[PDB]
Each structure stands twice: as structure tokens, then as C-alpha cells.
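Reviewing the structure listed below.
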Amino acid sequence: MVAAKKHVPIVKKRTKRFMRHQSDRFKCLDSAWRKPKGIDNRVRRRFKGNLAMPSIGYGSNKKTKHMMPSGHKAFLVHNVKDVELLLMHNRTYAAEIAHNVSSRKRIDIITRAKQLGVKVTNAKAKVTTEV
Amino acid sequence: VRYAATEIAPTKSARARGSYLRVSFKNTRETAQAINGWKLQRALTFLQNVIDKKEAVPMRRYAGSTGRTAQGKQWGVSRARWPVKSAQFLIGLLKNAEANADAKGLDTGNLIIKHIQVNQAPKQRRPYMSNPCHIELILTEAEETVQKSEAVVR
Amino acid sequence: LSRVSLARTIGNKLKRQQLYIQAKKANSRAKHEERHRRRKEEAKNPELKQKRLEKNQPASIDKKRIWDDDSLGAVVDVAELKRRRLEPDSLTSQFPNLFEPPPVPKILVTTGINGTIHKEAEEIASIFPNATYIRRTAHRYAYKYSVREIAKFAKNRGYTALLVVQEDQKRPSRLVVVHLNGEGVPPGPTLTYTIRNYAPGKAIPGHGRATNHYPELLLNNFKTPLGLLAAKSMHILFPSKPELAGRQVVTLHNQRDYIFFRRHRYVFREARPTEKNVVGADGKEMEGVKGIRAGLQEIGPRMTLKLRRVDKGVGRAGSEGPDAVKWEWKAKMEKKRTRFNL
Amino acid sequence: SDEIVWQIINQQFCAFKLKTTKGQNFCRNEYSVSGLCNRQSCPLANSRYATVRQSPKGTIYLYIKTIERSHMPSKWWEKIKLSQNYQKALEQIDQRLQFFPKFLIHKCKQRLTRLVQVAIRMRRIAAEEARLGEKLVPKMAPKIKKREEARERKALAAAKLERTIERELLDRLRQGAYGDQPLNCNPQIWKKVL
Amino acid sequence: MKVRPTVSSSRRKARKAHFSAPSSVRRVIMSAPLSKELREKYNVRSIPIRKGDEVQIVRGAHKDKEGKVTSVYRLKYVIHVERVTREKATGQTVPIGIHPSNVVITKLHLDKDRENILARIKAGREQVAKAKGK
Amino acid sequence: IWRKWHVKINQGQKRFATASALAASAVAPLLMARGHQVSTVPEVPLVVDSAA
RNA sequence: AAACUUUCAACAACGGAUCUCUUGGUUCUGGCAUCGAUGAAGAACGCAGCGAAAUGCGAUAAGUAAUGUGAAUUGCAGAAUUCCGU
RNA sequence: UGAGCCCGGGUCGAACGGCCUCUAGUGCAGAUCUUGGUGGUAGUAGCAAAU
RNA sequence: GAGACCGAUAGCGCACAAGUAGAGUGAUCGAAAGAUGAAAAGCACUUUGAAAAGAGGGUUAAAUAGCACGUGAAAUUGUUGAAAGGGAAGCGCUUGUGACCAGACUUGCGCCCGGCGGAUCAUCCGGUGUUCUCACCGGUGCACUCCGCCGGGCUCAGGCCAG
Ligand SMILES: [Zn+2]
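Protein chains in written order, with PDB author numbering: chain Le, 1 to 131; chain LP, 2 to 127, 138 to 165; chain Cd, 9 to 77, 81 to 98, 180 to 191, 194 to 436; chain Ce, 2 to 195; chain LY, 1 to 134; chain LC, 106 to 157.
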């Protein structure tokens with residue numbers, strides 16, 4: 001029994017992002033979603049063949065929210081003391097070393113994570129093996 | 002994983018650069034694309050013919066309808082011009098690369114234009140504006156394949 | 009304008025750039041006129057050209073390299092030390189297995207634990223004749239074997255050296271060479287290199303197959319005692335007498351602590367009328383090889399090696415005594431541009 | 002004022018809180034049985050509290066906080082050594098945490114269980130790492146990586162490998178390293194050498 | 001903490017005052033420590049640098065190097081001491097600038113003024129040491 | 106400049122909030138929850154004698 | 001099949017956004033009261049080795065006297081110019 | 001769900017981030033918007049003015 | 001002397017030659033423009049040729065930091081590579097083909113036997129701090145107890161997808 005905690009199957013209603021209308025045609029419009037406010041916009045009027053709109057019905061199961069495909073919840077660590085906070089939660093959470101953590105501090109985080117039994121999502125970033 | 006196609010060894014390639022040259026950018030692009038992938042002695046003789054009005058370069062992308070003649074039959078194009086200054090500036094950079102090859106120890110009869118490229122220069126701050144260009148080119152030797160010997164049984 | 013910075017003496021941009029353009033135009037015209045005046049003077053009298061060329065010479069880092077004033084850390088020419096004694181014992185004593195004749199070699203190539211560089215490790219195994227590749231782990235959840243265990247295994251089953259190819263971002267990154275030796279002597283030195291620019295033979299334009307013939311070795315530019323250790327270590331891995339019928343050549347050339355590895359297929363052709371004679375070393379043209387060139391075709395991977403550590407046994411865990419490590423690369427021995435450990 | 006402390010701790014500020022976006026909050030205080038910030042497991046907002054900790058020497062202790070030694074922060078905790086036998090340590094929790102909230106008893110037993118399990122895991126990792134003989138060293142610094150990328154291009158230019166190989170090959174043709182009647186060269190070119 | 005109203009704890013004014021100082025004020029800024037023998041001989045912490053002071057460099061890439069000061073370039077806040085030279089492209093050795101805070105004074109160039117300088121420092125160092133003591 | 110920078114607070118409310126801040130200082134876990142390293146002092150008000 | 005056209009990637013350009021910096025501005029507060037016929041504020045002409053800008057100065061002209069400090073100025077050409085010294 | 005957020009690879013060189021509160025010159029596709037930069041037109045019109 | 005102000009399209013028009021350049025008969029109008037590097041160490045020398053340009057070679061930690069100089073976005077452009085194109089492209093749902101890229105459960109505990117070493121084991125002794133009954137040292141040994149360690153044997157436990 002060395003894995004994530006037993007969870008329900010991970011079901012995602014949608015995998016495609018909600019692209020903003022006319023973001024394909026104009027380079028000044030980002031793909032981040034904006035609600036169209038025109039009274040005759042086909043996306044707002046919900047015609048067929050048009051881009052869908054975000055709604056609360058697309059929301060994910062609460063027992064599966066914020067959960068990685070492995071079944072662990074992401075936990076941003078910055079040092080060794082952040083790893084020891086997952087001593088009681090080694091099967092619910094996984095350690096994510098931050099992008100600002102240096103090379104030698106990642107060594108101490110990786111060594112402590114293996115001892116505590118927590119997963120690391122970024123375990124081969126600035127490190128290499130020596131024989 | 003995948004590995005990109007490596008560059009030819011610098012002992013086989015000679016480079017030459019021209020930056021901030023006061024020639025039309027569009028005429029240089031059509032002249033450089035005409036001589037791409039050629040032997041150096043072909044390219045030099047061709048450019049002296051464009052100066053002497055004997056041969057013409059094709060206008061494909063930046064093709065203002067200025068010249069149609071029988072000199073387009075060599076390319077299959079209906080648009081062919083005679084850029085004099087574009088040929089003069091490109092000759093001076095091929096002769097620079099041939100000189101760089103000679104100092105490096107290359108075989109000057111077997112150079113080919115492996116790569117040639119024309120980019121836009123900063124616009125000259127004078138309502139009328141010029142269109143200068145950067146030009147880079149790499150001259151490499153022709154590939155030499157040696158004969159493999161028969162495998163030994165053992 | 010070689011002694012004054014214009015940015016600190018003129019406080020305005022647009023005045024500074026206007027003066028620097030006027031300086032560049034003036035200096036380019038003044039330089040061109042000087043060389044053209046120098047040309048016709050040298051044409052009318054060719055003697056001052058010969059005087060000028062041997063007094064003006066382009067500087068090189070190789071001619072400016074710092075030596076010390081042989082103990083595996085001493086940056087000293089072993090070749091010059093021998094000539095000065097005429098006007180190495182320490183290396184042979186510390187490493188008696190490497191320095194009578196080596197037997198027929200036999201090479202085992204493995205990767206790191208759970209490697210994904212099998213095609214690259216098979217290309218390293220194809221480099222050395224009588225080399226076999228065995229994957230280290232054999233599936234993801236299997237037994238993790240240590241390099242000490244594999245060294246004992248290959249020693250017992252009659253192998254002569256072990257090569258471990260470490261990986262990073264699914265590219266080969268480190269080459270660990272473990273000398274197993276023979277009979278009762280323990281497993282020998284462990285030389286660890288770093289691979290920086292690996293290019294397979296498939297990606298190389300105008301490439302070729304390698305035949306099954308044994309290549310001759312060209313170990314170039316190896317002068318310090320550490321480099322003679324690296325030259326000798328590569329020599330045991332290759333067979334002593336090369337099969338010269340197949341013209342293949344493995345080249346390990348050192349240029350300022352970078353060992354460039356190439357593999358070619360030569361042909362002794364004549365010279366084309368546009369080709370030049372092969373100007374050899376010391377600036378002078380070579381004698382006896384007039385009009386004769388050696389054509390080359392790259393058949394092997396391009397890779398650059400840089401030696402980082404020499405161990406006494408098999409790795410750090412495997413080297414026991416007070417001299418467990420023999421040479422280590424720190425970045426402080428490259429502070430000066432001109433010092434090369436070689 | 003145990004509730005009034007909790008309202009300040011929960012809803013104004015607590016220096017031990019770590020708010021994550023994953024639907025749970027964490028307490029960084031070292032004397033907490035669970036890492037989570039809730040009413041049951043906040044040691045500051047519970048005058049009576051218990052916690053299981055592990056010493057650097059390897060000893061596992063049980064800590065006790067009472068309402069009487071509350072104004073004295075240096076004397077907050079009674080430290081009791083827990084047995085190395087797993088069953089006697091579980092019983093030692095039950096006798097010492099008698100008449101406590103059952104949350105504290107149940108989570109101290111879990112904290113005892115995870116501490117012993119990590120210690121066994123710690124000894125199995127160290128035994129395998131000693132056998133494997135492999136350590137994680139940091140990779141190259143970006144300053145050093147830019148340094149040898151710059152000097153490799155200058156060394157590759159200085160090496161001039163193809164001319165160096167050609168010069169060395171024709172040198173060994175002259176000295177007769179290939180012997181009389183060489184297999185490397187055709188006969189009419191070996192005649193040109195002499 | 002500052003308490004006097006006539007002193008300003010402003011980064012703008014301080015960097016202005018340092019880089020626009022006249023040559024007399026720049027002299028005090030380019031002051032150097034005395035060596036341990038020289039401290040125990042004259043009871044002086046630090047004096048400004050002259051043109052004839054034998055000095056030892058303790059900071060930078062020219063560490064543990066001794067020499068005599070050749071010039072005091074007060075404009076760029078730097079001094080030139082003997083034999084620490086760097087070759088240009090042409091081979092012309094230009095002197096390398098060292099800050100006076102990166103050196104330590106081994107020998108002084110004494111005259112009447114320098115003795116008066118060092119007597120005034122040991123006057124005040126002893127006067128308050130006596131005042132602190134008794 | 107005639108934006109209202111200073112605000113008028115009742116003196117009764119100011120004296121209320123000070124007396125509440127006094128009482129919170131006598132409460133032990135509120136000290137270590139603010140950030141103070143209170144793990145060595147032997148009493149939370151921690152009076153020192155005037156003679157010292 | 002090339003050319004041309006579209007999309008994407010790598011490298012190379014054009015351009016100066018973003019991040020960081022600030023001998024600048026802006027706003028407040030405090031001590032004090034001082035232009036000119038004894039020629040002001042402003043305008044101009046000159047003065048240096050190379051001075052183009054700016055600054056300083058007035059045929060005693062990048063300055064003289066006196067006082068204080070105590071060994072420079074400096075991008076290049078200075079002196080037998082001065083170092084227990086008006 | 002989303003506005004958005006975290007990590008890897010490269011570049012890069014000196015400062016920055018989370019929490020809880022306070023504050024505001026705080027979120028852009030439009031305004032024949034302002035300033036800058038850059039296109040097709042187009043190597044076209046035509047060599048007039050300007051350079 | 002200061003600031004819960006602005007930080008080079010902002011803040012005075014002006015961080016810099018700024019009431020400057022320049023326009024207007026004149027009254028008046030009035031800009032744009034900061035950042036090499038720690039240090040010019042600002043590329044000596046060889047070599048093409050007429051240049052605000054290259055190829056070598058050197059300086060520097062770094063020159064893809066070379067007075068076009070910190071970082072260097074987008075629009076727009078060139079080369080290389082892949083795919084497509086019978087009078088529009090772009091977009092939504094769903095496959096498929098190819099290319100490149102990633103790597104799935106961290107992959108374990110419990111019994112039995114034998115040896116070895118430790119202790120929280122001896123109504124063993126001495127000491128220290130303390131919340132005054134709890135901890136921590138030092139020296140004893142292995143009758144008992146309990147931990148590890150090594151060498152065997154055994155047990156179950158597990159992640160995803162199918163039938
Ligand atoms: Zn809490």
C-alpha cells in the first residue's frame with residue numbers, strides 16, 4: 001500500500017479551454033475567457049455551432065477537485081520545513097518544489113521527501129546523479 | 002529523443018557577412034534566391050551576366066511586372082529583371098567568402114552556396140524612406156564520399 | 009578613442025552617437041589608406057613584408073598557457092621534463189595496471207538506472223569493438239543494480255572494462271569508464287567525463303556506416319600527467335593492432351581540456367589541380383606528401399568529453415583509502431583563461 | 002478566553018497559518034498533531050493539548066499542555082518518553098491522555114504510528130543508498146555552463162580537427178607506420194611517397 | 001538613529017554629495033586603514049592616502065600584493081599602486097585602479113603635516129578613553 | 106492636497122482599543138501567534154524588578 | 001514535383017515593450033531676509049594647448065589677492081612646479 | 001467552470017513572493033482615441049516638391 | 001529636512017545640449033532624447049576590400065554585453081523544416097494520419113529461526129536540569145524484557161485497463 005489514498009475515479013467534464021470569441025482572428029485579444037456583452041452576439045445568445053460558455057454545471061466533483069492524475073493534491077514547498085508539514089498527509093498531497101528554490105535546497109527537499117514518503121512532482125530539475 | 006541536423010564543420014565552411022548595405026531589400030531577396038544552392042563559379046558568372054544584361058534573375062515574391070523576355074525561359078517564369086546593384090553587392094560578398102576560404106585552406110573550385118539569407122536593415126531616418144538590407148552567406152565544400160572496405164568474417 | 013569611454017565623458021546620447029559615427033568613418037578611411045600605402049611599398053620592395061610578418065604575429069591562448077614551476084595535479088609538460096633531464181615514474185607506480195601488454199579488450203556498456211538512451215548507448219557500444227550493451231534495470235519496478243555489483247559481475251565473466259552512460263533530459267550526459275583489469279588485481283581507476291554536444295551519425299550530413307574493422311587511434315595534444323592517464327585509459331579500451339585494410343580512425347583530440355571525439359573513414363587520394371599541398375606543423379609545408387591528400391568521411395557520433403573525476407576504485411563508494419579520489423574538477427581551476435589541466 | 006483566542010486565530014491572523022488554494026489550510030506550529038488548522042488541532046486555541054514529537058537522537062516523546070502552566074510559556078509542555086515497543090507506546094498514550102478529548106487520543110496514536118513508520122522507512126532508504134552508492138549532486142551553475150559553452154566554440158575553432166586528422170594521417174604515411182606495402186593506400190600512391 | 005536636524009538620511013542627497021564632491025572632500029572619502037603594527041605604534045585607525053605610501057591590497061583579485069602608491073586618482077575615487085598593471089590589446093600596461101577601502105597602509109610618507117594629523121587623532125582617542133575610564 | 110488624510114477617532118474608542126491590546130498581551134498564546142519567539146520567558150506579563 | 005499563398009516550429013532580423021535602476025520631478029514642513037546710478041535683472045563680444053558643448057571669468061580674462069587644508073590636476077601633450085614646505 | 005494559478009526547458013543578471021489588514025492615479029478591442037513602431041498597397045504610381 | 005507621491009509615453013515643457021533644437025514678420029509657439037562593463041580591459045595583430053562592412057585572432061565571468069552597447073515582447077520580415085491549397089479563410093463536436101514531447105504503484109509491512117550490538121532492561125551505582133516527577137549524561141553487565149542489524153524461510157498487501 002505505497003501509492004495515493006483510495007479515491008473515486010477522476011472525471012473531467014471538459015478538457016478543452018474556453019477560448020474567447022474572435023481571439024483567433026485578432027492578435028490583440030488573448031485566449032483568456034471574456035463574457036460577451038452584446039445583445040446579438042451569437043456566443044451570448046447560445047446558438048449552435050458557436051463557442052460554449054463557462055457555467056457552474058461544468059464544475060468538478062468535490063471529492064476529486066484540485067487533484068492530480070495520480071490522486072495527490074499539489075502542495076508548493078519552499079524549503080525543508082514545508083515538506084515536514086506533509087508528515088501526516090503523505091498520501092493526500094504531493095510536494096511541488098517552487099521555481100525559486102536553489103539547487104542545494106532542492107537536494108535537502110528531495111532527501112527529506114523520500115524519507116517522509118511524499119511524492120515530488122519536480123524531482124529532476126537542477127539535479128543529477130553521481131556514481 | 003530527436004537530434005537536430007548538425008552544422009557542417011567550420012573546417013569545411015566559410016562565412017561572409019554584409020550588414021547595413023544600401024541596396025533595395027526586395028531586389029536582393031530575389032537575386033540571392035536565384036543563386037542559392039549553386040556552385041560559386043556558376044554564381045559569379047551568372048551575376049556578371051546580369052550586370053552585362055545577358056542573363057536575368059526571376060522575380061517570384063516581389064514581382065513588379067517590369068520585364069518579360071526570353072530570358073525567363075531558363076527559369077520558367079514570366080517576370081525577369083536586371084538588378085545591377087544587387088549583383089554587384091552579392092559579387093563582393095562571394096569574393097569575400099572565397100578569400101575567407103582561401104585563407105582557411107579550402108578547395109576553391111568545389112565551394113557551393115550552402116546557405117544565403119537577406120534580412121531588413123534599420124530604416125534610414127531622413138516622408139521618403141530607404142530599404143537597406145543585411146546579407147549573410149555560408150560557403151561549404153561539396154560532400155566527398157570515400158569508399159567503404161569489405162567487412163571481415165570472423 | 010581607445011582610452012576614454014564616451015558614455016562617461018559625454019552626458020548626452022545623441023551627441024555621443026553622432027561623434028562615434030564620425031569616429032568610425034574617419035578610422036575606417038584612415039585604416040584603409042594605411043594598408044593601401046603599405047601594399048605598394050611592399051610591392052616595390054618585398055623585403056619589408058618579410059620583416060613585418062615575423063615581428064607581427066597573432067596572439068594565441070595556446071602560446072600564452074601557464075605551466076607550473081609529476082603528481083597528477085601538476086600542470087607540467089612531461090615531454091619538456093624529459094628533455095630538461097636530458098639536458180613517468182610517479183604515474184606508473186600509482187597506476188601500474190594502465191601503464194606488460196594489455197590483453198584483447200572486452201567492453202560492457204550500461205546506462206543509468208531506468209535509462210531511456212538505449213539507442214545512444216548502443217551507438218557508444220558500436221564505437222568500441224568487442225563491446226556489448228546490456229540494459230541496467232530490465233523493467234521499471236525491478237532490482238536496482240549498483241555499479242560495484244556490475245563491476246564484480248563483468249570481472250567474473252571475463253570483461254576488461256565497464257562504461258556507464260548517465261542521462262539527463264533523455265540525452266547522454268556523463269561517461270563513466272571503469273577499468274576492471276584482470277586476475278587478482280582490484281578494479282582500477284574510474285574516469286568520469288561529461289558529454290556536452292552529442293550528435294548521432296544519423297543526423298550528420300554526408301555520413302557513413304562503420305565496418306567491423308578495428309580503428310586506429312589518434313590521441314592528440316596530451317602532455318600533462320593527467321592527460322597521459324586519459325590517453326592511456328582510452329588506449330586499453332581499443333585493440334592494440336588496428337585492421338588497417340579498413341580505413342577507419344577514432345580521433346580523441348584535446349583542445350584546452352575539451353576532448354573532441356570524431357570517427358572518420360579516410361582515403362589516400364591524389365590532389366585536384368585547385369587543391370593545395372598539406373601545409374604541416376611549424377608553418378612549413380610537409381615533405382614527401384606533395385600532391386597527396388587524405389579525404390575524410392564522418393561515420394561516427396560527434397561528442398565532446400571533459401574529464402571531471404579520477405577515482406581509485408569503482409566510484410566514490412568503491413574507493414577506500416586516503417587517496418580515494420585522485421583528481422577532481424572544481425570550477426576554480428578555470429578562473430584563469432590560460433591554465434589547462436588538459 | 003479559549004474561544005476568544007480561537008476567533009482571533011481563525012478569522013484575523015495567525016503566524017502559523019499557511020493558506021493553500023487546494024481547499025485546506027495548514028498550521029506550521031511544531032506542536033500540532035495534524036498539520037491542518039482547525040479548532041480541534043490548534044494548540045494555541047486549546048488550553049489542554051497533546052502532541053507526539055521525535056528527537057534528533059531517535060526518541061519519541063509525548064507532550065502535555067495544561068491550563069495551569071499557561072501563563073508560563075517556558076513550562077508549557079510536560080515531556081514523557083514513549084516506549085520503543087509499539088504496543089506499549091500506544092498504551093502509554095492511552096493512560097497518559099486519559100480523560101482527554103478523543104480527537105487528541107486518536108491523532109496522537111496516528112502521529113506515533115507515522116513517526117515509527119518513517120523511522121523504519123528511513124533505515125531502509127539509507128541501507129539501499131549505501132548499497133547503490135549514488136548521490137544527487139547539483140547540476141552545472143548557469144555561469145559555469147555559459148563559460149564552457151563559450152570556450153568550447155573557441156576550442157573547436159582552434160582544434161581544426163579535419164586538418165589535424167589529415168596532417169597526422171599523412172605524417173604516419175611518411176614515417177612508415179603502416180610498413181612496407183601498406184594496406185591503407187593503393188600501390189601507385191605509395192610509390193609517390195618515395 | 002539620526003537625531004540632529006542638520007543631517008539627512010536621504011539616498012538621493014547622499015549619492016549626489018558623494019559623486020559631486022570637491023577634491024578636498026574626496027580626500028577624506030579615500031581614506032585607508034593602517035596596519036596592525038601601525039595601529040599599535042601611533043594609536044590611529046585610518047588616514048587619507050598619499051602619493052608615497054607603501055600599501056598592501058586585501059580585497060579583489062590582486063589580494064596579498066604589496067606595493068607603493070603611484071597616483072591618487074581622486075576623480076574616479078581610485079588609487080594606482082606599483083606593479084599591479086594590466087596589459088591592453090597593444091601590450092601597453094595601464095595601471096589597475098584599486099579603491100582605498102580595499103587596501104591597508106604598510107608604510108606612511110611622513111612630513112610635518114602627517115605627524116600633526118596623527119597627533120590630532122591620538123589626542124582625541126586618548127582623551128575620550130580617559131574620559132570613559134575615569 | 107485637500108484630501109482628508111487624517112481621520113478623527115473618538116477618545117473613548119481609542120482607550121477601549123488600548124485596554125484590549127493590554128489584555129491581549131497578558132494572554133500567552135496570542136503572543137506566539139503574532140510572531141514573537143515566546144518559548145523561554147517564565148511568565149507572559151514578565152515583570153522585571155525596577156532595581157535592575 | 002517546384003514557384004506563389006496559408007498555418008506551425010528552430011535560427012536570424014526590425015522595433016523598444018516588460019523587469020530592475022535614478023546626481024530628476026512633485027508635494028509638505030522648518031530657520032532666515034539679502035538686487036540696482038558704489039550701475040542691477042537681461043543682451044552681446046571675448047579669455048584655454050588640443051574646447052567641440054556646458055560651466056567659470058573679464059584685456060589682472062577657465063582667472064589674481066588673503067585664509068584654511070595639506071600633495072595633486074588628469075582623455076592626451078607640464079614644469080628643474082612644489083613635499084619636515086608661507 | 002472561469003478570471004486566472006503552479007511546475008518543467010531556454011534566456012537572464014539583483015532583487016522578489018505567499019497570508020492577513022490598509023490604501024489607490026488599480027484590469028481595455030473599439031472613443032474617424034493619444035504617442036511610438038510596423039504592414040499590404042508596392043519595387044506600383046512616377047523622377048513634380050523634398051532628399 | 002521630509003513623503004503610504006511619479007519612476008523616463010510617468011513625474012515640471014526640460015533626469016540628457018532645454019526654454020535647447022526648430023517654426024513664425026512679430027507677439028508668441030516649442031519638442032525628441034537616460035542604462036556597455038566591476039574595471040575600457042573600447043578588439044593589438046594577420047587577412048578581404050573604399051565600409052557606420054567581413055573572416056581569423058584577442059579582452060572579459062560573459063562580447064548572441066563591441067560606444068547600433070542591461071533585459072530585448074508584439075506587430076512586421078528572411079532562411080530552414082513539415083503539411084496543405086479546383087471561385088475565401090478562420091471557428092464548434094468527433095475521430096483518424098504524421099511529427100515532436102512527457103512518462104504510469106513513492107512500488108511494502110508483518111511473522112518465524114539463529115547469531116551480533118545496543119538500550120527506555122537490572123528494585124546496579126554516581127551526576128545534571130527540572131514543571132518535583134519527570135527528562136538527560138557517565139560507568140556497569142545481559143538473568144529477564146524490548147529495539148535494531150545481518151543470513152535464511154514464510155505471509156499478505158497493493159496503481160490502471162480488460163474478460
Ligand atoms: Zn491554527
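Using N, Cα and C, we set each Cβ at its ideal position, and we do this for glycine too.
Can you tell me which of the three DSSP states residue i falls into?
i	result
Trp421 (chain Cd)	strand
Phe26 (chain LP)	helix
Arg357 (chain Cd)	strand
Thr64 (chain Le)	coil
residue 132 (chain Le)	The shown model of chain Le, from 1 to 131, leaves out residue 132 (chain Le), and the question about it has no answer.
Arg251 (chain Cd)	coil
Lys378 (chain Cd)	coil
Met1 (chain LY)	coil
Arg234 (chain Cd)	coil
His329 (chain Cd)	helix
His273 (chain Cd)	strand
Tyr239 (chain Cd)	coil
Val85 (chain LP)	helix
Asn208 (chain Cd)	coil
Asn314 (chain Cd)	strand
In whole angstroms, what is the alpha-carbon distance linking residue i and residue j?
i	j	result
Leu34 (chain LY)	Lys72 (chain Cd)	38 Å
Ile47 (chain LY)	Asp111 (chain LY)	14 Å
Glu152 (chain LP)	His99 (chain Le)	47 Å
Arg112 (chain Le)	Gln349 (chain Cd)	42 Å
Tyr77 (chain LY)	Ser102 (chain Le)	37 Å
Indicate, with yes or no, if ligand 1 has a heavy atom lying under 7 Å from the CB of residue i.
i	result
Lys20 (chain Ce)	no
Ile5 (chain Ce)	no
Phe14 (chain Ce)	no
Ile9 (chain Ce)	no
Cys38 (chain Ce)	yes
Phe101 (chain Ce)	no
request  = Note down, in chain order, all residues in the segment 62-84 of chain Ce with a beta-carbon under 9 Å from any beta-carbon belonging to chain LC.
outcome  = Result list: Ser71, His72, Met73, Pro74, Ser75, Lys76 and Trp77.
inquiry  = Extract the residue ranges of the alpha helix (DSSP H) inside the segment 17-86 of chain LY, only unbroken runs of 4 or more that lie entirely within it.
reply    = 23-29 and 36-42
task = Could you name each continuous beta strand (DSSP E) segment of 3 residues or more that falls completely within the segment 58-89 of chain Ce, going from the start of the chain to the end?
result = 61-66 and 78-82
query = In the segment 153-167 of chain Ce, which residues sit with their C-beta less than 8 Å from some C-beta in chain LP, listed in chain order?
reply = Contact residues of the segment 153-167 of chain Ce toward chain LP are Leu157, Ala158, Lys161, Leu162, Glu163 and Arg164 (C-beta to C-beta distance below 8 Å).
key: Residues in the segment 14-26 of chain Ce having any Cβ partner in chain LC nearer than 8 Å   = Correct list: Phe14, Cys15, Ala16 and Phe17.
Contact list for the segment 296-313 of chain Cd against chain Le, Cβ threshold 9 Å = none
ask   = If you measure beta-carbon to beta-carbon, which residues of the segment 98-127 of chain Ce are closer than 8 Å to chain LC?
value = For chain LC, none of the residues of the segment 98-127 of chain Ce brings a beta carbon within less than 8 Å of one of its beta carbons.
Members of the segment 144-158 of chain LP that neighbour chain Cd once the beta carbon cut-off is set at 8 Å = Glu154, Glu155, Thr156, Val157 and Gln158
ask   = What beta strand (DSSP E) runs, 3 residues minimum, are completely inside the segment 119-152 of chain Ce?
value = 136-139
query = Just by C-beta distance, which residues in the segment 327-354 of chain Cd are closer than 7 Å to chain Ce?
reply = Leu338, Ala339, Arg341, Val343, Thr345, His347, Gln349, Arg350, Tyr352 and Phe354
key: the segment 362-381 of chain Cd: positions lying closer than 9 Å to chain Ce by Cβ   = Result list: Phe362, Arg363, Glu364, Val372, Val373, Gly374, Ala375, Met380 and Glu381.
request  = Could you run through the segment 3-21 of chain LP and flag, in chain order, every residue whose CB is less than 8 Å away from some CB of chain Ce?
outcome  = For the segment 3-21 of chain LP, which is checked against every Cβ of chain Ce, the residues closer than 8 Å are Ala10, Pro11, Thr12 and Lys13.
key: Residues from the segment 65-92 of chain Le in contact with chain Ce, defined by Cβ distance under 9 Å   = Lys65, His66, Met67, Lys73, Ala74, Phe75, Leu76, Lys81, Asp82, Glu84, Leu85, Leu86, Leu87, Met88, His89, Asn90 and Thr92
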